[PDB]
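Chemist: Here you go, one structure.
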Amino acid sequence: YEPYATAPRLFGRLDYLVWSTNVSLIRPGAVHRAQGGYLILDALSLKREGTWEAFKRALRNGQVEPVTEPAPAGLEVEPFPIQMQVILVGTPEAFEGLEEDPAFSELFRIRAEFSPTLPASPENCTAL
Amino acid sequence: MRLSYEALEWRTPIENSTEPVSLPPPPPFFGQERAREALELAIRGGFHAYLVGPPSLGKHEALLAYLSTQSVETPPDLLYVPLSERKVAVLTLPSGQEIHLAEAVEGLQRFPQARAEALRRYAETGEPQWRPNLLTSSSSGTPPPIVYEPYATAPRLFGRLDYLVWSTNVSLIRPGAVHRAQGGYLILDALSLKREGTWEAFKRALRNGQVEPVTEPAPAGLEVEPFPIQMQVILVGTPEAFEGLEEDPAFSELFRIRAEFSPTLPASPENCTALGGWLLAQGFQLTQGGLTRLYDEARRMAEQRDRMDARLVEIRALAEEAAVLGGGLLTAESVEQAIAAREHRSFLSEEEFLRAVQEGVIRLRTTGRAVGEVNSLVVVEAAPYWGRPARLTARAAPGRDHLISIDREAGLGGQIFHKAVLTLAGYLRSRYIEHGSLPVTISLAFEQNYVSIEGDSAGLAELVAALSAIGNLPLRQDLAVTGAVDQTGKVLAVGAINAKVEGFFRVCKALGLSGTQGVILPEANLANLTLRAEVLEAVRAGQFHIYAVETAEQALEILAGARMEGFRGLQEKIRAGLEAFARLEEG
Amino acid sequence: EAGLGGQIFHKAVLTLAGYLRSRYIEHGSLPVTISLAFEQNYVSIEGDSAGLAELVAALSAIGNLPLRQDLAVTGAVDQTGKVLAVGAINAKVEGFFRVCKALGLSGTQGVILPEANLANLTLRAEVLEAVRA
Amino acid sequence: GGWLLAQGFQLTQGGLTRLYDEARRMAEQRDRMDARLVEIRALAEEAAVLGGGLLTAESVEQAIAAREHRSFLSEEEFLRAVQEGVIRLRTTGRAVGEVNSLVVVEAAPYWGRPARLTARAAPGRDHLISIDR
Ligand SMILES: *[B]([O])([O])[C]([C][C]([C])[C])[N]C(=O)[C]([C]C1=[C][C]=[C][C]=[C]1)[N]C(=O)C1=[C]N=[C][C]=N1
Ligand SMILES: *[B]([O])([O])[C]([C][C]([C])[C])[N]C(=O)[C]([C]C1=[C][C]=[C][C]=[C]1)[N]C(=O)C1=[C]N=[C][C]=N1
């Protein structure tokens with residue numbers, strides 16, 4: 001669960017030990033850590049951090065690029081087959097920015113909607 | 001006219017539901033004769049083309065498969081060579097020939113296109129970045145180069161300069177998509193060109209041959225000569241994505257060939273069979289039942305009994321879900337159940353609405369009779385577009401031909417909604433002239449409506465309610481109504497007719513079905529009724545009724561349970577209300 | 001008219017008009033100009049839940065009918081003069097109780113509200129005691 | 001004609017006449033031709049592919065037809081909706097206060113369509129009401 005969906009947090013980072021860089025200076029982001037499992041992001045953060053389109057490109061095309069700096073040269077990073085299930089979390093309203101994009105319903109086919117209220121029953125009093 | 005069950009049934013009969021389907025893959029572009037023949041043209045002429053159609057139709061998958069079948073002369077090798085120590089140019093030789101010359105140069109001639117001198121003075125002056133650069137090479141034009149770059153940034157399109165600490169030279173220049181597509185096809189999404197800001201540089205590439213590798217904000221660099229571009233570009237996008245593009249006269253100049261997908265196909269056995277082989281070639285284990293249910297869901301998606309939705313990516317996404325519910329097997333049940341689960345997963349707002357209706361928090365009648373009241377039908381703004389009844393009231397008082405749309409006056413109704421009310425007015429005034437101008441002020445309200453509403457499809461409901469209020473005619477509350485009207489009192493086709501009928505059924509069912517409920521709708525919309533199974537059963541059972549009409553008075557006779565003429569009919573009761581209102585109006 | 005009421009508020013007034021005009025037709029069109037004001041209101045107001053209060057006040061003004069001031073009212077109305085459910089019904093009842101109590105409870109105060117809202121009354125303990133008392 | 005040959009086309013008299021007459025029709029004037037040489041060439045490029053490299057009358061009439069086909073989806077939809085009675089149009093009989101007016105669709109290539117127009121007359125005080133307006 002990465003609540004703060006910035007490009008370095010999602011995709012990883014290149015460090016440069018003074019410049020060069022190479023395979024072993026590349027740090028993983030959340031997308032690397034969630035392979036073979038679940039990555040959870042908040043829909044508000046994707047919109048607020050501006051990372052929605054890069055994130056689609058990650059899921060639609062396998063492009064996951066570690067973040068570089070504005071200085072001198074760098075590495076081509078090959079796209080890999082992504083192996084993970086993403087769950088986005090947010091309010092009915094937070095998904096509205098997302099849902100104007102036909103790519104969203106294409107990628108997130110399963111809606112899991114909470115009711116704002118439950119039946120007032122002895123069983124729910126006991127659960128509470 | 002009454003619509004029997006037999007008239008409403010639209011589904012494909014299934015024989016041997018469980019039998020495995022076995023069918024060959026259809027060609028790319030099946031059902032899409034227009035876009036295939038535009039693309040064949042563009043391929044035959046070297047023209048650049050654009051593939052236009054709604055999202056989730058499968059346009060990129062069809063394009064890439066169709067491009068795989070093509071064949072061209074093997075592409076020349078592709079290089080940057082130095083024309084100087086601060087200058088480069090792009091060169092084509094004949095193929096394979098730069099593994100030579102890498103070393104022929106490496107003696108640090110024949111190869112007659114590799115002219116520019118221009119190397120030739122490090123002994124003339126002892127002066128202490130010259131080896132040619134291979135961008136690409138390949139062994140045949142079969143398949144031809146096919147480069148789909150979804151992310152159209154300047155480095156991705158045009159290549160990049162790296163600087164190994166600063167200098168740089170020929171051999172630090174990396175190719176972009178434009179270099180890789182030479183001698184073949186480059187595919188870009190129209191949305192990406194606009195979003196990455198790369199449309200003008202891209203034109204300059206195609207119009208002027210300027211292809212500049214991206215540099216950094218630091219210290220100096222290379223002039224890069226413009227080369228003769230050798231490639232066909234296909235852009236892909238929706239009808240809307242090309243609109244930003246099309247305000248630019250350069251776009252239609254460069255992309256002369258439009259390849260437009262239809263959003264629907266004919267619903268024929270040939271397209272059902274194509275769909276079936278397409279699914280198997282995608283990997284599904286499919287049964288005849290699952291195939292029929294998917295084909296009939298595609299017709300219902302299209303809201304037309306005669307057409308199927310052409311969006312192959314949507315059909316697959318639903319078969320993916322069905323396949324999980326069938327334990328890996330794509331069956332009739334798994335598909336009807338994947339459908340039901342989608343509705344359940346979006347049904348919270350309806351579950352709330354139904355409960356508020358059951359508690360009387362929303363006041364609705366689905367039985368009895370009332371004057372000047374009608375269940376009109378609306379479709380909820382957010383997907384998946386559930387329909388609901390909306391109570392509509394009309395009240396008539398003595399006054400000076402005013403038709404008052406309360407919703408329109410309070411700022412809740414749109415322009416099309418307003419137009420329907422104006423058109424009703426036009427009908428009323430002109431149809432009832434005995435007293436001069438109409439002696440009544442009618443007001444119409446959508447009783448529990450808190451949001452903006454738009455559309456003309458409540459015109460019929462409004463006009464019946466107004467006529468009822470004029471004539472004091474009790475109307476059945478067990479029948480809901482949708483339909484537009486023209487000034488001549490003719491009923492016209494409306495949208496979302498499945499969601500409207502079904503949403504009245506759902507309200508009737510949560511309140512307990514009385515046996516006589518149903519919906520009156522445009523005769524013009526028969527070919528759009530592709531009703532869910534539960535409604536068709538209820539109609540077959542006698543427990544729900546659909547009436548299609550051509551005129552507003554036909555709807556009023558049904559709701560008032562009387563004839564307009566045969567005179568103790570309705571028309572004389574309307575005229576008597578109007579005479580009553582005309583007398584009240586002069587003391 | 002002064003720009004303080006919203007569109008839904010305006011809709012309630014239009015709907016009341018529809019009710020009045022159509023319910024009282026003996027003279028032709030209604031022989032009265034009614035004006036309605038929220039006396040000390042300085043801000044924008046919105047909602048349909050004062051329709052009932054507005055329509056009773058207008059009927060009272062037509063007929064010169066003295067109305068009890070010890071009972072407050074909330075409720076929307078439709079064109080047929082039916083009372084419809086409104087929001088925030090606990091806060092409305094309780095806030096009248098609080099004003100009655102700070103002024104000294106007379107014994108006869110209370111609130112008239114939609115039958116449609118019974119299942120939303122979950123009133124605080126102090127109000128239920130006062131009703132019990 | 002000499003401009004096309006100097007551009008490299010293999011042109012026949014038929015292809016040349018059909019191109020010149022398409023330029024007049026482009027201009028919408030029998031007396032004038034469209035002066036846009038780059039458009040005329042782009043169409044002759046397409047004709048030349050359909051003529052197997054030869055610019056003939058047929059290849060030009062057929063390049064014209066293929067352009068219309070490639071943009072004809074919206075008309076194919078409109079025609080089908082008209083045939084199904086989803087759009088209500090009459091093209092025979094008579095009717096009072098009804099006329100087929102004609103409009104041109106906003107997006108290129110500017111297809112024309114009939115649009116049913118109705119007028120209704122009632123007794124009243126010199127008002128001409130444009131509902132659409
Ligand atoms: B009919 O189809 O024209 C009908 C007319 C009547 C209810 C006023 N209209 C609607 O069903 C419209 C369809 C629509 C949906 C989304 C955007 C625009 C139009 N629905 C509504 O107007 C609507 C709006 N808000 C909430 C619920 N319904
Ligand atoms: B006529 O040429 O003046 C005619 C008048 C009538 C139909 C109202 N007008 C049109 O044909 C106009 C031409 C036009 C096209 C594009 C922009 C502006 C004007 N067409 C339309 O108004 C029109 C608009 N939207 C859809 C279809 N047609």
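Labels used: A, B, ... for chains in the order of the structure tokens, numbers from 1 for residues in each chain, and numbers from 1 for ligands as shown.
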Excluding residue 51 of chain D and residues on its chain fewer than 4 positions from it, collect all residues at most 12 Å away from it, counting only C-alpha atoms, and give them as an mmCIF file with N, CA, C and O atoms, in the first residue's frame.
Modeler:
data_model
loop_
_atom_site.group_PDB
_atom_site.id
_atom_site.type_symbol
_atom_site.label_atom_id
_atom_site.label_comp_id
_atom_site.auth_asym_id
_atom_site.auth_seq_id
_atom_site.Cartn_x
_atom_site.Cartn_y
_atom_site.Cartn_z
ATOM 1 N N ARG B 44 -1.560 0.553 -50.548
ATOM 2 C CA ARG B 44 -1.254 0.432 -51.996
ATOM 3 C C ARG B 44 -0.592 1.727 -52.483
ATOM 4 O O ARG B 44 0.283 1.735 -53.348
ATOM 5 N N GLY B 45 -0.993 2.852 -51.930
ATOM 6 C CA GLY B 45 -0.459 4.131 -52.364
ATOM 7 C C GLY B 45 0.671 4.760 -51.575
ATOM 8 O O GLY B 45 1.139 5.814 -51.903
ATOM 9 N N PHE D 9 2.634 12.888 -63.410
ATOM 10 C CA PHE D 9 1.542 11.928 -63.606
ATOM 11 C C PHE D 9 1.511 11.430 -65.019
ATOM 12 O O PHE D 9 1.819 12.171 -65.938
ATOM 13 N N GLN D 10 1.059 10.204 -65.211
ATOM 14 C CA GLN D 10 0.731 9.783 -66.610
ATOM 15 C C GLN D 10 -0.746 10.070 -66.866
ATOM 16 O O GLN D 10 -1.607 9.409 -66.381
ATOM 17 N N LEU D 11 -1.070 11.066 -67.617
ATOM 18 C CA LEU D 11 -2.425 11.546 -67.578
ATOM 19 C C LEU D 11 -3.121 11.348 -68.897
ATOM 20 O O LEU D 11 -2.483 11.448 -69.974
ATOM 21 N N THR D 12 -4.422 11.046 -68.896
ATOM 22 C CA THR D 12 -5.153 10.870 -70.161
ATOM 23 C C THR D 12 -6.119 12.040 -70.300
ATOM 24 O O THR D 12 -6.361 12.714 -69.389
ATOM 25 N N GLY D 15 -8.941 11.760 -67.762
ATOM 26 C CA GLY D 15 -8.575 12.012 -66.364
ATOM 27 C C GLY D 15 -8.428 13.461 -66.132
ATOM 28 O O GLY D 15 -8.924 14.018 -65.092
ATOM 29 N N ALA D 44 -5.470 13.437 -57.454
ATOM 30 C CA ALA D 44 -4.856 12.670 -58.606
ATOM 31 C C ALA D 44 -3.886 11.578 -58.125
ATOM 32 O O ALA D 44 -3.827 10.483 -58.727
ATOM 33 N N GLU D 45 -3.200 11.804 -56.976
ATOM 34 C CA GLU D 45 -2.417 10.717 -56.391
ATOM 35 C C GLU D 45 -3.203 9.462 -56.081
ATOM 36 O O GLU D 45 -2.772 8.334 -56.456
ATOM 37 N N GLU D 46 -4.407 9.654 -55.524
ATOM 38 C CA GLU D 46 -5.273 8.531 -55.171
ATOM 39 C C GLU D 46 -5.837 7.870 -56.453
ATOM 40 O O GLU D 46 -5.956 6.604 -56.514
ATOM 41 N N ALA D 47 -6.220 8.690 -57.423
ATOM 42 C CA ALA D 47 -6.775 8.186 -58.701
ATOM 43 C C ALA D 47 -5.743 7.360 -59.350
ATOM 44 O O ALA D 47 -6.054 6.273 -59.863
ATOM 45 N N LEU D 55 -3.745 7.920 -64.846
ATOM 46 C CA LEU D 55 -4.705 8.859 -64.458
ATOM 47 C C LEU D 55 -5.883 9.050 -65.488
ATOM 48 O O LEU D 55 -5.803 9.843 -66.434
ATOM 49 N N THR D 56 -6.937 8.296 -65.296
ATOM 50 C CA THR D 56 -7.946 8.168 -66.319
ATOM 51 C C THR D 56 -9.215 8.788 -65.840
ATOM 52 O O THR D 56 -9.425 9.031 -64.601
ATOM 53 N N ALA D 57 -10.190 8.962 -66.728
ATOM 54 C CA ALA D 57 -11.509 9.383 -66.173
ATOM 55 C C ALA D 57 -12.031 8.477 -65.109
ATOM 56 O O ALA D 57 -12.609 8.957 -64.074
ATOM 57 N N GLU D 58 -11.881 7.133 -65.298
ATOM 58 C CA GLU D 58 -12.540 6.272 -64.320
ATOM 59 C C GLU D 58 -11.836 6.408 -63.005
ATOM 60 O O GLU D 58 -12.481 6.352 -61.940
ATOM 61 N N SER D 59 -10.494 6.417 -63.062
ATOM 62 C CA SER D 59 -9.717 6.418 -61.811
ATOM 63 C C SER D 59 -10.017 7.638 -60.899
ATOM 64 O O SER D 59 -10.103 7.533 -59.666
ATOM 65 N N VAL D 60 -10.236 8.738 -61.543
ATOM 66 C CA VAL D 60 -10.632 10.018 -60.867
ATOM 67 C C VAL D 60 -12.132 9.916 -60.315
ATOM 68 O O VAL D 60 -12.345 10.243 -59.152
ATOM 69 N N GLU D 61 -13.070 9.358 -61.096
ATOM 70 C CA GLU D 61 -14.488 9.330 -60.628
ATOM 71 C C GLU D 61 -14.417 8.293 -59.477
ATOM 72 O O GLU D 61 -15.171 8.407 -58.492
ATOM 73 N N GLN D 62 -13.505 7.306 -59.553
ATOM 74 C CA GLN D 62 -13.561 6.297 -58.566
ATOM 75 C C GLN D 62 -12.828 6.773 -57.324
ATOM 76 O O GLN D 62 -13.222 6.334 -56.203
ATOM 77 N N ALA D 63 -11.725 7.516 -57.505
ATOM 78 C CA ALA D 63 -11.091 8.165 -56.296
ATOM 79 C C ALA D 63 -12.067 9.103 -55.536
ATOM 80 O O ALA D 63 -12.200 9.093 -54.261
#
Chemist: Once you count only C-alpha atoms and all ligand atoms, which residues end up within 12 Å of ligand 2, and could you hand them over as a PyMOL selection string?
Modeler: chain D and resi 74+78+100-117+130+132-133
Chemist: For segment 25-31 of chain A, find every residue with an atom within 6 Å (counting only C-alpha atoms), except residues of its own chain fewer than 2 positions away, and show them as a ChimeraX atom specification.
Modeler: /A:9-15,22-23,33-34
Chemist: Given a cut-off of 6 Å, what residues near ligand 1 show up using only C-alpha atoms and all ligand atoms, put as a list in words?
Modeler: residues 377, 378, 379, 380, 381, 451, 452, 453, 454, 455, 456, 457, 458, 494 and 495 of chain B
Chemist: I'd like the interatomic distance between atom CA of residue 64 of chain D and atom CA of residue 8 of chain D, to a tenth of an Å.
Modeler: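 Atom CA of residue 64 of chain D sits 20.5 Å away from atom CA of residue 8 of chain D.
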Chemist: For chain A, work out the contacting residues on chain B at 10 Å, counting only C-alpha atoms, and write them as a ChimeraX atom specification.
Modeler: /B:54-56,149-151,160-166,172,216-218,313-314,317-318,321,341-342,344-349,351-352,382-383
Chemist: Could you pull out all residues of chain C with a DSSP call of strand (DSSP E) and give them as a PyMOL selection string?
Modeler: chain C and resi 71-73+76-77+83-84+110-112
Chemist: Using only C-alpha atoms, can you tell me which of B:233, B:181, B:492, B:99 comes closest to residue 42 of chain B?
Modeler: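 Of B:233, B:181, B:492, B:99, the one nearest residue 42 of chain B is B:233, counting only C-alpha atoms.
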Chemist: Please identify all residues of chain C having at least one atom at most 10 Å from any atom of chain B, considering only C-alpha atoms, and return them as a PyMOL selection string.
Modeler: chain C and resi 6-15+17-30+47-48+76-80+82-86+114-120
Chemist: Just the number, please: distance in Å from atom CA of residue 141 of chain B to atom CA of residue 116 of chain B, one decimal.
Modeler: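 Distance reported for this atom pair: 28.1 Å.
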Chemist: Excluding segment 120-123 of chain D and any residue of its chain fewer than 5 positions from it, enumerate the residues within 12 Å of it, using only C-alpha atoms, and give them as a PyMOL selection string.
Modeler: (chain B and resi 401+422-439+486-489) or (chain D and resi 95-99+128-131)
Chemist: For residue 128 of chain C, work out the shell of residues within 12 Å, counting only C-alpha atoms and skipping chain neighbours fewer than 5 positions away, then give it as a list in words.
Modeler: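 Once the adjacent positions are removed, what remains is residues 90, 93, 94, 97, 110, 121, 122, 123 and 133 of chain C.
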Chemist: For segment 55-66 of chain C, please output as a PyMOL selection string all residues within 8 Å (counting only C-alpha atoms; exclusion window: fewer than 5 positions along the same chain).
Modeler: chain C and resi 16+34+36
Chemist: Limited to C-alpha atoms, could you put the picked residues into a file as a PDB file, in the first residue's frame?
Modeler:
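Wrote it out as out-v3.pdb, contents follow:
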ATOM      1  CA  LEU C  16     -47.220  25.933  -4.478  1.00  0.00           C
ATOM      2  CA  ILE C  34     -49.282  36.834  -1.928  1.00  0.00           C
ATOM      3  CA  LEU C  36     -43.717  35.396   1.417  1.00  0.00           C
TER       4      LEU C  36
END
Chemist: Using only C-alpha atoms, which residues sit within 9 Å of segment 219-232 of chain B once same-chain residues fewer than 6 positions away are excluded, as JSON, numbers by chain?
Modeler: {"B": [42, 43, 46, 47, 48, 49, 85, 86, 87, 88, 89, 90, 91, 161, 166, 167, 168, 169, 170, 178, 181, 182, 183, 184, 185, 186, 187, 205, 206, 208, 209, 210, 211, 212, 213]}
Chemist: Take the selection from the previous step and output its residues with N, CA and C atoms, as a compact mmCIF listing (two decimals), in the first residue's frame.
Modeler:
# COMPACT_ATOMS: atom_id res chain seq x y z
N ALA B 42 -4.40 2.91 -48.54
CA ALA B 42 -3.32 3.68 -48.00
C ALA B 42 -2.06 2.78 -48.18
N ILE B 43 -2.24 1.48 -48.02
CA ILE B 43 -1.01 0.56 -48.15
C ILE B 43 -0.58 0.57 -49.63
N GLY B 46 1.19 4.10 -50.58
CA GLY B 46 2.07 4.81 -49.62
C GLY B 46 1.41 6.00 -48.91
N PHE B 47 0.08 6.12 -48.83
CA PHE B 47 -0.45 7.26 -48.10
C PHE B 47 -0.42 7.11 -46.60
N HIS B 48 -0.35 8.18 -45.84
CA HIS B 48 -0.52 8.02 -44.40
C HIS B 48 -1.99 7.96 -44.05
N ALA B 49 -2.35 7.26 -42.98
CA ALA B 49 -3.79 7.04 -42.76
C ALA B 49 -4.07 7.21 -41.24
N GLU B 85 33.02 17.23 -37.51
CA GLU B 85 33.24 16.96 -36.09
C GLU B 85 32.11 17.57 -35.25
N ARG B 86 31.24 18.32 -35.92
CA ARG B 86 30.08 18.91 -35.28
C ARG B 86 28.81 18.71 -36.13
N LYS B 87 28.83 17.71 -36.99
CA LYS B 87 27.73 17.52 -37.92
C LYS B 87 27.52 16.07 -38.35
N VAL B 88 26.23 15.72 -38.49
CA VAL B 88 25.83 14.36 -38.88
C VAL B 88 24.72 14.36 -39.92
N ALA B 89 24.62 13.23 -40.63
CA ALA B 89 23.50 12.96 -41.51
C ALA B 89 23.05 11.54 -41.45
N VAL B 90 21.78 11.37 -41.81
CA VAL B 90 21.18 10.07 -41.80
C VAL B 90 21.44 9.48 -43.19
N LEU B 91 21.92 8.23 -43.24
CA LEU B 91 22.16 7.53 -44.53
C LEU B 91 21.52 6.12 -44.71
N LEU B 161 20.45 12.32 -27.76
CA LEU B 161 21.95 12.47 -27.57
C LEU B 161 22.29 12.13 -26.17
N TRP B 166 32.33 17.54 -21.15
CA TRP B 166 31.33 16.94 -22.01
C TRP B 166 31.78 16.92 -23.42
N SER B 167 31.45 15.85 -24.10
CA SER B 167 31.39 15.93 -25.56
C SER B 167 30.23 15.04 -26.02
N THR B 168 30.22 14.78 -27.32
CA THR B 168 29.23 13.95 -27.98
C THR B 168 29.68 13.92 -29.40
N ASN B 169 29.15 12.95 -30.13
CA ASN B 169 29.59 12.73 -31.47
C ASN B 169 28.65 11.70 -32.02
N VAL B 170 28.68 11.54 -33.34
CA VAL B 170 27.91 10.56 -34.06
C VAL B 170 27.53 9.35 -33.26
N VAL B 178 10.90 6.98 -35.01
CA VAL B 178 10.87 7.32 -36.43
C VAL B 178 11.99 6.59 -37.21
N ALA B 181 11.07 2.81 -37.87
CA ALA B 181 9.96 2.51 -38.72
C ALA B 181 10.31 2.75 -40.16
N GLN B 182 11.56 3.14 -40.46
CA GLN B 182 11.88 3.46 -41.86
C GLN B 182 11.72 2.18 -42.74
N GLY B 183 11.13 2.32 -43.92
CA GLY B 183 10.84 1.15 -44.76
C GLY B 183 9.60 0.38 -44.32
N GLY B 184 8.89 0.91 -43.30
CA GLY B 184 7.68 0.26 -42.84
C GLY B 184 6.65 1.29 -42.24
N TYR B 185 6.05 0.89 -41.12
CA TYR B 185 4.87 1.58 -40.54
C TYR B 185 5.20 2.04 -39.15
N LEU B 186 4.85 3.28 -38.81
CA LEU B 186 5.00 3.83 -37.49
C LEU B 186 3.52 4.06 -37.03
N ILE B 187 3.12 3.60 -35.80
CA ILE B 187 1.67 3.75 -35.38
C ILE B 187 1.73 4.58 -34.16
N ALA B 205 8.78 16.78 -39.08
CA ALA B 205 9.39 15.51 -39.48
C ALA B 205 8.86 15.00 -40.82
N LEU B 206 7.53 15.01 -40.99
CA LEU B 206 6.85 14.51 -42.20
C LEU B 206 6.88 15.53 -43.41
N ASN B 208 9.04 18.20 -43.63
CA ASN B 208 10.32 18.86 -43.95
C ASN B 208 11.45 17.98 -43.70
N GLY B 209 11.20 16.74 -43.27
CA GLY B 209 12.30 15.84 -42.93
C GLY B 209 13.18 16.21 -41.73
N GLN B 210 12.76 17.15 -40.90
CA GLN B 210 13.53 17.49 -39.66
C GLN B 210 13.23 16.54 -38.52
N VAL B 211 14.23 15.74 -38.21
CA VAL B 211 14.17 14.76 -37.14
C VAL B 211 15.40 15.04 -36.28
N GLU B 212 15.18 15.70 -35.14
CA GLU B 212 16.26 16.09 -34.21
C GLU B 212 16.24 15.29 -32.92
N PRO B 213 17.35 14.58 -32.63
CA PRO B 213 17.50 13.80 -31.39
C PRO B 213 17.50 14.75 -30.25
Chemist: Using atom CA of residue 304 of chain B and atom CA of residue 528 of chain B as the two end points, give the distance in Å to one decimal.
Modeler: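 Separation of atom CA of residue 304 of chain B and atom CA of residue 528 of chain B: 4.4 Å.
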Chemist: Between B:204, B:311, B:34, B:60, which residue has the minimum interatomic distance to chain D, considering only C-alpha atoms?
Modeler: B:34
Chemist: Please return as a PyMOL selection string: the residues of segment 8-102 of chain A that backbone DSSP assigns to alpha helix (DSSP H).
Modeler: chain A and resi 8-11+30-33+43-48+52-61+94-99+102
